[PDB]
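Taken in sequence, the protein lines are chains B and A. Using the authors' numbering, the letters of the first sequence correspond one by one to residues 434 to 478, 494 to 519, 525 to 575. Using the authors' numbering, the letters of the second sequence correspond one by one to residues 436 to 477, 495 to 518, 523 to 575. All C-beta atoms, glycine included, are put in the ideal place defined by N, C-alpha and C. As structure tokens, the structure follows; a few thoughts come after it.
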Amino acid sequence: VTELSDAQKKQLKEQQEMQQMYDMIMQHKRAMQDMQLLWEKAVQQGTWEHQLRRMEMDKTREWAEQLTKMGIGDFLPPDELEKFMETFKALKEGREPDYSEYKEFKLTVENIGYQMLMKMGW
Amino acid sequence: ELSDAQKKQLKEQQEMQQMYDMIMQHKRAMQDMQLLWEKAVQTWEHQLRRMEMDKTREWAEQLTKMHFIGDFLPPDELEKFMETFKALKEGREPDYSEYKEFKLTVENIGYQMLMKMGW
Numbered sequence: 434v435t436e437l438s439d440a441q442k443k444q445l446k447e448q449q450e451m452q453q454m455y456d457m458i459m460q461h462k463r464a465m466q467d468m469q470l471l472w473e474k475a476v477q478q494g495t496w497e498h499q500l501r502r503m504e505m506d507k508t509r510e511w512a513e514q515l516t517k518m519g525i526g527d528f529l530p531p532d533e534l535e536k537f538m539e540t541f542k543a544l545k546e547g548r549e550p551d552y553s554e555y556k557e558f559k560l561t562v563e564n565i566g567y568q569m570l571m572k573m574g575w
Numbered sequence: 436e437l438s439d440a441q442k443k444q445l446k447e448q449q450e451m452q453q454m455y456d457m458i459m460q461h462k463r464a465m466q467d468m469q470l471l472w473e474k475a476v477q495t496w497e498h499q500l501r502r503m504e505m506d507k508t509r510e511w512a513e514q515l516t517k518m523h524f525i526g527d528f529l530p531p532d533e534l535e536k537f538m539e540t541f542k543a544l545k546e547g548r549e550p551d552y553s554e555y556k557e558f559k560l561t562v563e564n565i566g567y568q569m570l571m572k573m574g575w
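See below:
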């Protein structure tokens, strides 16, 4: 989009940024649903559940990477931040965190995603 | 005299703004409990933690008043969610990692219903 005023560049970047935050949240929701059905069908048949788990963990790490580039200490109190970053680190290094902390990290990532969308609206 | 289409806009706008308000007020109440709990950490810290769980439990009852929660969780996640919810209702104290995940799940459900209204 060429020849915008400064006013126009500001409105448009906000619109597109809200829209991308939204689309990414729906993408992450889509991919999680797909992982879900994959597991519902594998159980309709042990080593599979751990494979699906690792695939899911990598998609969650990706979505967290996307969120970082969209913006977070602003969202977490000190103790939660250290744990969040630790788990993020293990996922990045390809290690497998404790399942309960992975679940906590995943919910936290989705939680921050929503808070960001909410700050862009409103 | 508003038209039918205009009443619908007005009603949708109010329900959204009412949903936005309740989320913001719950968030601020969680921020207060977090701040008070941090200063209990330089028991009382445990007592502030228990009231926080109660405020989460109240928030979850509030959202439910608006069947409709199994819309957000696959049936496995649904079961754990209701066990923790029922533990809280009955005055039991769950595993703290069981509570944290219920807290975050409750919150993400609130964000999702706001999101449905707004998009």
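Candidates A/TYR455, A/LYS507, A/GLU447 and A/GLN441: which alpha carbon is nearest A/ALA464's?
In the second sequence, residue 464 of chain A corresponds to position 29, counting from 1. Comparing Cα positions, the closest option is A/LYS507.
What would DSSP say about B/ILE525, mapped onto helix, strand or coil?
The sequence position of residue 525 of chain B within the first sequence is 72, counting from 1. Note: B/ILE525 maps to coil in three-state DSSP.
Can you tell me whether A/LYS517 is helix, strand or coil according to DSSP?
Walking along the second sequence from the start, residue 517 of chain A turns up at place 65. Of the three classes helix, strand and coil, the one that applies to A/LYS517 here is coil, per DSSP.
Burial state of B/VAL562 (16 or more Cβ within 10 Å):
Sequence index remark: in the first sequence, residue 562 of chain B carries index 109 (1-based). With 16 or more other Cβ atoms within 10 Å, it is buried.
If you follow the alpha helix (DSSP H) that B/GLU563 is part of, which residue opens it and which one closes it?
As a first step, residue 563 of chain B must be located in the first sequence, where it is residue number 110. Start and end: 552-573.
List the whole-angstrom C-beta distance separating B/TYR567 from A/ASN564, where the pair is believed to meet the contact cut-off of C-beta under 8 Å.
Position 114 of the first sequence, counted from the start, is the residue given in the question as residue 567 of chain B. Position 108 of the second sequence, counted from the start, is the residue given in the question as residue 564 of chain A. B/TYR567 to A/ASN564, Cβ: 6 Å. Contact.
Taking the beta carbon of B/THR516 as the centre, do at least 16 other beta carbons fall within 10 Å, making it buried, or is it exposed?
As a working note, residue 516 of chain B is residue 68 in the first sequence. The residue in question, B/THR516, is exposed, as its Cβ has fewer than 16 Cβ neighbours within 10 Å.
Give the interface partners of A/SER438 over in chain B, defined as CB-CB distance under 7 Å, in chain order.
By one-based count along the second sequence, residue 438 of chain A stands at place 3. By Cβ distance, chain B contributes nothing, its closest Cβ being about 26 Å from A/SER438, past 7 Å.
Inter-residue spacing [alpha-carbon to alpha-carbon] between A/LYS545 and B/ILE525
The count along the second sequence starts at 1 and reaches residue 545 of chain A at position 89. The count along the first sequence starts at 1 and reaches residue 525 of chain B at position 72. When rounded, the distance between both Cα atoms is 33 Å.
Report yes if the CB atom of B/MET573 is closer than 8 Å to the CB atom of B/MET454, and no otherwise.
The residue you call residue 573 of chain B lines up with position 120 of the first sequence. The residue you call residue 454 of chain B lines up with position 21 of the first sequence. Yes, these two residues count as a Cβ contact at 8 Å.
Selection of the stretch 526-560 of chain A by Cβ proximity to chain B, strictly under 8 Å
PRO530, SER553, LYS556, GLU557 and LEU560
Do we get a CB-CB distance below 8 Å when we pair A/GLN469 with the residues of chain B?
Working through the second sequence from its first residue, we reach residue 469 of chain A at position 34. Yes, contact with chain B.
Per-residue burial, B/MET505 [other beta carbons within 10 Å of its own, 16 or more giving buried]
In the first sequence, counting from the first residue as 1, residue 505 of chain B sits at position 57. Per the 10 Å Cβ criterion, buried.
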